[PDB]
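Here is what each chain is made of, one letter per residue.
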Amino acid sequence: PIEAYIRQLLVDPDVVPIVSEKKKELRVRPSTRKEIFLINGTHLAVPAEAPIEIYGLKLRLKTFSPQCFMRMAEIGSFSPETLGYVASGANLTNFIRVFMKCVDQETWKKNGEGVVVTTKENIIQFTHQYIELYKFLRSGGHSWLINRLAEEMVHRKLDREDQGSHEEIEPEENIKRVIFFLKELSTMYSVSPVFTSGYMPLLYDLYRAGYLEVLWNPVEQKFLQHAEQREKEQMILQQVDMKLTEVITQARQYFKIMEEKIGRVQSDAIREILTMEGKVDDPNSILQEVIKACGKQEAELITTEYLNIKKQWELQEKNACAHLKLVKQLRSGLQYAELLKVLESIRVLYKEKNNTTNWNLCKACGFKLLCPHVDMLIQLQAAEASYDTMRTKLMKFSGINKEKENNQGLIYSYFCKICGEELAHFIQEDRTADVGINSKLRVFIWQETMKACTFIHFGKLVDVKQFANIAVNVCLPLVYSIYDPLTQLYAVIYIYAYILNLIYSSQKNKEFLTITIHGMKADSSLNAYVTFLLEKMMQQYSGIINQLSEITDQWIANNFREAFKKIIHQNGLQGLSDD
Amino acid sequence: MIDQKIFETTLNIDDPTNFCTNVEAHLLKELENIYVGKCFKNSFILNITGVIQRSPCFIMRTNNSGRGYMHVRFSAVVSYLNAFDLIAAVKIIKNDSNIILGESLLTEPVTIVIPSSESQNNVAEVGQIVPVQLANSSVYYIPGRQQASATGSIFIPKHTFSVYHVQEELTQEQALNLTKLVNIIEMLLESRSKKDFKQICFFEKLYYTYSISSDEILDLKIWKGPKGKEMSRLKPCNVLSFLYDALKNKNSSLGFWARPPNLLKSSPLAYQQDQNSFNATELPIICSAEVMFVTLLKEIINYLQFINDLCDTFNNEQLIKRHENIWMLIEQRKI
Amino acid sequence: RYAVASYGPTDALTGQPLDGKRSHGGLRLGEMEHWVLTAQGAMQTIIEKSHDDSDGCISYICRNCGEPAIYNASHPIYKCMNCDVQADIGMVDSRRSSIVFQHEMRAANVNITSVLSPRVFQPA
Amino acid sequence: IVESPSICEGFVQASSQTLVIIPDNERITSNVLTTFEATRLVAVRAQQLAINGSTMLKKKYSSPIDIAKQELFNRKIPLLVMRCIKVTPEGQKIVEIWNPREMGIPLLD
Amino acid sequence: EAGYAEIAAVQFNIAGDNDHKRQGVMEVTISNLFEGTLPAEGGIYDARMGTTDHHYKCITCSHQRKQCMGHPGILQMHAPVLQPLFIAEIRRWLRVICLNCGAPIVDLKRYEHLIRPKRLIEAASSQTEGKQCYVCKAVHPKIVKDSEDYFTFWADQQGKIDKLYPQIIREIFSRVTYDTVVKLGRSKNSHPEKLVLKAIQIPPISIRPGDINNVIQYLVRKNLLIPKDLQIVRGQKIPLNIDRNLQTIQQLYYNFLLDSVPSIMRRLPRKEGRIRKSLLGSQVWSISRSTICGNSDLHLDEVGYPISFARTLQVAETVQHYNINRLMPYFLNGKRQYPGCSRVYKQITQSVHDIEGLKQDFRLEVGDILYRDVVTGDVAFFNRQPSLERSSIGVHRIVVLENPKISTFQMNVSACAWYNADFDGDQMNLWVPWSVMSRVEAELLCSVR
Amino acid sequence: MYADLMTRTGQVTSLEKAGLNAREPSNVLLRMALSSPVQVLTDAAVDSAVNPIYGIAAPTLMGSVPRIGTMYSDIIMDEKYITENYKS
Amino acid sequence: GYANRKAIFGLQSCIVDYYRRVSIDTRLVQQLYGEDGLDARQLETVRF
Amino acid sequence: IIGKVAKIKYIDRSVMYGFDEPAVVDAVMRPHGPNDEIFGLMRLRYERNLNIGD
Ligand SMILES: [Zn+2]
Ligand SMILES: [Zn+2]
Ligand SMILES: [Zn+2]
Ligand SMILES: [Zn+2]
């Protein structure tokens, strides 16, 4: 806790720079670059760390403006220390100017105002005053005061701009009769009369109505009759269209229920006869189904069942059950930890655990409550499920299969078979993890694999380069999981363990290429191959093993066994690629 | 503390037509739904007192949604927690081999991170409640959180103090400003007065710096508490009436001011001298009367609130005697 | 002839549709067509095509410091790693190609601070 | 000596503005909606009707576009046109508030 | 919680070490790419910088692939590196300041009358070799540019040659006061210290989906070779291996940014660049193209549009109390009849439903969005390239051709004058507006009348 | 429109990169789009250029839309008319 | 196309403001559009 | 038209017929490429008459 480090952390702000002399006793170094003064008054700088002697110190009394403090209060998210710093700078408060004024005398002079101290103990007093100044600026005091005064000044400003601050008579007779015409036409055409002085909206209304002849020709009555007529045909056509479309809707409902009841074949046949009749979408399909292919009663039940579905839909519209609003809070995202408990509060209303193929039903009311894929989707969303892990899990809810080859519209998304909601979308596989995890270690594994081919017997011709490349791709990620001699020995252990996996794989699967060792029978025990490969590895790499004073034959045999297990666990049974 | 503040924000109105039917009601409802109970702009909003200014309901220009937005400037009552503040209700939630987390049960929702490396806070019990002293660090107000993140420690009364050398006095406005502080003092003091004296004196005696075995009922006709040690021939001066008379300008506040450990902290009295007779190990702090008055009044506020919260939480003997190992550690560190 | 969809294959980098009929992507509304639509005053059409139908997204920019922010209504995230305590996040209607364009300029040691439009208030 | 940067400079957030509405008698802009403004009004009203659907139009139409057009033509549209005149350096934003219920509609129907 | 806002202004500055340290969300420490099926944390593919797959989410913003825009990282370089874009600027700052005390050599007041953009350029243009500094008594050497690369600088003191390593350049520039920068025209945000980087910024994953990744991996691997506690001082001899390693690092960074301007800045300039292909232009959905044809029975404001294309493009109709009856026949047809609908958006589930997997509803709920087929009478934008006049894009009333053998866009011959078109084999675009806002403006503003 | 633009500064400016730099020095984003983004971007950074958003290219390069035509005059909700006439 | 693109990038910033002036975001290019304030599509050829 | 899966259980890198007009599979063969490996070659034929727009 010497004075030097205290002066050192004094250096950090842009305030309090250094005057430096080559002939003094103080010596501190900065933490970053510092812009400093000197005797003879030259303004220089110093790098992050450099031995600088301290002639004295000067705290600058930077004078801000009240506008800066008002702007920060408008931002209104600043720490009290910065607000108080600026307020003292902007003459709004009197804290920094008080904690200072420990001047020995005006012994040095430059442009800006400030406190100057060039002594041995008054510099200590300056440091103490500075530390206590920021201690006050950070403490509980000066935080109530500055925040309160900032709020008061903002409120006073809002009062300044709030509390201290903030014709036609009669038209002409021609325009009087024109506005009478517009008043009478308002109940007849999309026109509303206004009373502007410039007569201009009236002019646009008359121009839009296609009849500007009121201004000079007193023939307004014929246009009034014209507007009445046009409104009449408009209403007639509107009512005709409404009747036509309700007839079309009812006929389509009838045919949809026919399709759902009697099947696609009979319904499409009846569509065919109606199509070569000009009477499709007219409820004479009732008569067609009466006298064709079935009895009159089987169409009477269709009509009554249509009315029943209409009544059920009306009742569902009348629904005001609690569950409905809950579903809304389940469909807003909004903080997964809350939608999870929303789903918890909803699942108590299920009836028969409704795993698949149909809707969940509300016991409180009786209508549909929540499709199961929605429950699973909510569970996955609250369960940190990725999109791919979410798209694949919601595949047992996939919609209509190759039953429909296509609806002539190309779709890239799956839908739920229970309700039709879009589950997810699939366009192409990402295929960016294909690049998983130094040409030197790769080249070493490749070269050592090529050397191993000299004692391996293949039951057919094999591409030795393709073999070495596959061995690199298997061994390299595994060696990285575990150019010093120990890394080389691990790479060798894994290559020989990979060769043992290929021998073992060829013994287990007769479809794989038979792989053995020269002079050994294909049916030799796995322990005979292990013994040979260990002896061969110990003989061939004795030079590398002798560089590693901590490696024992038991350590090599154990790491070889663990390498072999790791290769089988990650890669399984491997074969090398009739005539 | 609990104090007023002004914020500016922009609100999105999904359906402008319904919103404009009752603009003030909808605006207050939406502001309360969005900002009440969360940390925003280096503060924790408690209540939305009102809206001072607002913009016309504009229609968003950069998309085809037809949705609206409004600029709202609103005044709200918020809480800012400082350093070295007293919280008398901190329930320990997590006590693992790495870190200790406690939660406050007061009007300042704050999570306390207590370092488990000091003998005071190393041994505790999960579910126990304890007063906590805040360290000399800013309280973190991460936006959007339901709580304030701040470090703290179990409050052990200290043996040190500070001495303020005041050379410049108040003016009329600088005392009318401290009138609000003395109003807070008198409100907290009425709150103290409306409650029975047994637990008041128990807590005050237990958090006295030294050991108070003798019983005294020292009265000032405005503040009541147990009397402790004195300092030779020095007689305290009530800072409340002192500031009142200074506003009346019939007294001079210059000199040395001190709040020694032996002094009754929650009382409005403190020491003033023409020359330091105090055996302080810290250099006197040269300053004016603004800083010393605000610091002393803030300290009185903090200790009064601490005692009031202690008596509010611990109602019967079961609460006080359930945590008596904390209190035992408290007696173990007093002179 | 060609007519594709409301959605389909998407460019990995820009978030825009692919190129032409061969890739089953969309067709190009190039530079000269935004000139014509701007000349006609068709601005809501440009929003529908160049934003809603191509790559339009939501960009979050902090007011206090102008740097991009991080917002997430679910799993509440409201933060800004330049100020971190005084963040005032406002959403701006942008497109992914522009955000990629701004990130590339920041990758070239060029600081891009966006000054959001200031709040406007009635004087009452 | 021009010294190191301070906190007074370097603000990125622009200061807030005060909306100064020109009085009705001191307005300079035309009392006639442009085709751009009329189109924007109709589009905004149609989208809001597609959102809400609450209208006071006495006639009945089966499309938000038609309802918005008739509301504009019948002078019953709940919208205003704010014409931003100038943004003053001191902070004021002088604008013009125009009511489309008393301006001439340039459209045709 | 995030209010609506618009961008009013954009400020351009040089990104220094502090900017990269603040804006970065993670520090790159390893050269490994993937730990299995997930990116390795601390690598250049780390998920804290964003996501581009459906196999994982972004750790930072907790969004999926679509809603994550990427976040930048930090790579702390073992040795300082120069900024490739501003190398020339560095040279300017090496020709005005003293290399031993930092004070300006030229007289600042001789450039007071100039405008601040050109002060530094016209102050460093004049020869400064051999000038004697006024405060440290040092002779300024000449700063010669190495002809074999775009970044190496040499200092020549009357035949004494030295190589100015980036650490030496930082130590020289950090000694410059803000007064010198201000009186030389440059702003406080353009201090020369920012021209030398020790913590470069790793671009977010959204910028480099999937060559640029190869360059970044090479840079990280070769940066790991440099000793972490390497110190460079002026006049110190350097082992040749470390010198060539620094050369390789700086060249790799320069090629990462300005490779022959794959590089970041190569994506900007040309027609196929970022600005002219992704920003000024656009690839859009819900658009059709076909050869145009003559049809004298169509009005000048009408376009003949095939039924097959009419069933592909859709129009978004929002369900309300006034159009529940009109839109209902579209709902019941589905994809089995014309006119029908293909897709429904529900406010209840805030999701998207098919029409073939949803046939259990009697009618529609108010507030739903129905994507119906294009019918006769709809408005459509009809365009021919190149678009030279503003009549090249016009709005026509659609007449749907029920003949399944017609695949052309038929229009009246008198309508060719708008587009400067003819029927020798021209092809014209056509997109039908679906948004209500865009559909209103097509009828009122963009109509061919 | 050609002559008034080319002669608004008192000198006959051109319709090339040099002419745009004279009429509109501070519109970097528009200047970046025209000829050479790299050269303009480098100069903007060292000059601490501030680019107001106006015109077409500047809003377009930032992902927004120009304030032109239908977007020129913004629309505000008629507060007074709705309260007396509409219902919640 | 070379001449068309250069002409537009220089001229596109010109927008008619509320005074029928032609300006660049603050800066007048024309005191009145076309010196008459009319539209090219709304002109009639008339003899004097 | 062509089934193709990569063994990881399996991932489907199939080839789908993305054309509006229906085709007819005219010739299917499995030749050996320059690397001595099987690749799939399919010829699709379209019955084209003269129609509007040719
Ligand atoms: Zn229910
Ligand atoms: Zn920020
Ligand atoms: Zn992200
Ligand atoms: Zn020098």
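Residues numbered from 1 in each chain as written, not as in the entry; some residues may be left out. Chains lettered and ligands numbered in written order. Part of a larger assembly, values for the part shown. Heavy atoms only, no water. Residues with missing side-chain atoms left out of burial classes, pairs and counts.

For this deposition, the record names cryo-EM as the technique by which the model was determined and cites 3.68 Å as its resolution.

Notes on the coordination of the zinc ion (ligand 3)
Residue and element names in this part refer to chain E. Taken together, the protein donors to the zinc ion (ligand 3) comprise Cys-58 (SG), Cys-61 (SG), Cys-68 (SG) and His-71 (NE2), at separations of 2.1 to 2.3 Å. Between the four donor atoms coordinating the zinc ion (ligand 3), the angles at the centre fall across 93 to 126°, so the site counts as tetrahedral. Donor residues for the zinc ion (ligand 3), ordered by position in the chain, follow C-x2-C-x6-C-x2-H. Taken as a pair, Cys-58 in the loop between β4 (38-39) and β5 (73-82) and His-71 in the loop between β4 and β5 lie far apart in primary sequence, 13 residues in all. Here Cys-58 falls in the buried class, since its relative accessible area comes to 3%. Since its relative accessible area comes to 9%, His-71 is described here as buried. (Donors = N, O, S within 2.8 Å, 3.2 Å for Na, K, Ca; no water. Tetrahedral: all angles 85-135°; square planar, octahedral: opposite > 155°, others 65-115°. Helix = DSSP H or I, 4+ residues; strand = E, 2+ residues; numbered from the N terminus. Buried < 20%, exposed > 50% of the residue type's maximum accessible area, 1.4 Å probe, protein only.)

Observations regarding the nonpolar core
Residues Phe-101 of chain C, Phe-12, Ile-90, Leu-94, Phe-173 and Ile-200 of chain E together with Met-32 of chain F are the most contacted members of the largest nonpolar core, which totals 106 residues. Sorting elements by how many residues they give to this core places helix α7 (residues 240-258) of chain E first, with eight residues. Excluding residues within four positions of it along the chain, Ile-200 of chain E makes contact with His-20, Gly-73, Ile-74, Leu-75, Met-77, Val-81, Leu-219 and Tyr-253 of chain E. One finds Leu-10, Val-11 and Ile-146 of chain A together with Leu-296 of chain B within the second-largest nonpolar core, a separate group that totals 87 residues. (Core = buried A, V, L, I, M, F, W, Y, C linked by side-chain atoms within 4.5 Å. Contact = heavy atoms within 4.5 Å.)

Re the environment of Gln-410 of chain E
For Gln-410 of chain E, the position within the fold is in strand β19 (residues 409-411). Considering only alpha carbons, one finds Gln-410 of chain E and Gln-314 of chain E, 96 residues apart in sequence, at a separation of 20 Å. In this structure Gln-410 of chain E touches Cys-293, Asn-295, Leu-298, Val-303, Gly-304 and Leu-401 of chain E together with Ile-52 of chain H, once residues within four positions along its chain are discounted. A polar contact is formed between the side chain of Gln-410 of chain E and the side chain of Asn-295 of chain E, at a distance of 2.5 Å. (Polar contact = N/O pair within 3.5 Å; in protein donor to acceptor, adjacent residues only side chain to side chain.)

Observations concerning the interface of chain C and chain B
Counting from both sides, the interface comprises 17 residues of chain C and, opposite them, 23 residues of chain B. Taking both sides of the interface into account, the surface hidden between chain C and chain B amounts to around 1,800 Å²; carbon and sulfur atoms contribute 54%. Counting across the chain C and chain B interface gives one salt bridge. Of the charged contacts in the structure, one is a salt bridge between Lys-41 of chain B and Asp-88 of chain C, with a shortest N-O distance of 3.7 Å. The tally of links from chain C across to chain B stands at five residue pairs in polar contact. The element that contributes the greatest number of residues to the side of chain C that touches chain B is helix α2 (residues 43-55) of chain C, accounting for three residues. Of the residues belonging to the side of chain C that touches chain B, the class tally is nine nonpolar, two polar and six charged. (Buried area = accessible area lost by both parts, 1.4 Å probe. Salt bridge = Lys/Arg side-chain N within 4 Å of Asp/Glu carboxyl O. Nonpolar A, V, L, I, M, F, W, Y, C, P; charged D, E, K, R; others polar.)

Remarks on the sheet that holds strand β12 (residues 255-258) of chain B
Ordered by their spatial adjacency, five strands build an open sheet running β11-β13-β12-β10-β14 (chain B), and the pairing between neighbours is mixed. Each end of this open sheet is capped by a strand with a single partner; those strands are β11 (237-238) and β14 (285-287) of chain B. (Pairing = 2+ DSSP bridges.)

Here we look at the interface of chain E and chain C
Taken together, the contacts link 91 residues of chain E with 86 residues of chain C. Across the chain E to chain C interface the summed buried area is about 7,900 Å²; carbon plus sulfur atoms make up 54%. In terms of surface lost to chain C, no three residues of chain E exceed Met-69, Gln-283 and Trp-285 of chain E, which account for 12% of the buried area on that side. Between chain E and chain C we count four salt bridges in total. Our enumeration of links across chain E and chain C arrives at 53 residue pairs in polar contact. Sort the elements by how many residues they give to the side of chain E that touches chain C and strand β2 (residues 7-14) of chain E lands first, with eight residues. Considering only residue class, the side of chain E that touches chain C consists of 45 nonpolar, 31 polar and 15 charged. As paired strands, strand β7 (residues 110-116) of chain C and β2 of chain E are joined by seven bridges and run antiparallel to one another. Counted as the bridge partner of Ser-114 of chain C is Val-10 of chain E from β2 of chain E.

Focus: empty space enclosed by the protein
Estimated volume of the largest cavity: approximately 350 Å³. Around the largest cavity, the lining is made up of 25 residues, and of these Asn-147 and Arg-148 of chain A together with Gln-4, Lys-5 and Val-78 of chain B lie nearest the centre. At the level of secondary structure, the elements contributing two or more residues to the lining of the largest cavity comprise α2 (66-75) and α6 (143-162) of chain A together with β1 (3-13) of chain B. Counting residues per element, the lining of the largest cavity draws most heavily on α6 of chain A, at seven residues. Residue composition of the lining of the largest cavity, grouped by class: twelve nonpolar, eight polar and five charged. Space inside the second largest cavity adds up to approximately 190 Å³. Considering the residues around the second largest cavity, the lining is formed by 20 residues, among which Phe-151, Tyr-165, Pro-166, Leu-246 and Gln-250 of chain E are closest to the centre. Taken together, the elements giving at least two residues each to the lining of the second largest cavity come down to β5, α4 (166-174) and α7 of chain E. In the lining of the second largest cavity, the residues fall into 14 nonpolar, four polar and two charged. (1 Å grid on protein atoms, 1.4 Å probe; cavity = no way out; pocket = protein on both sides within 12 Å on 5 of 7 lines; lining within 4 Å. Points joined across faces, edges and corners; volume = space filled by probe spheres on them.)

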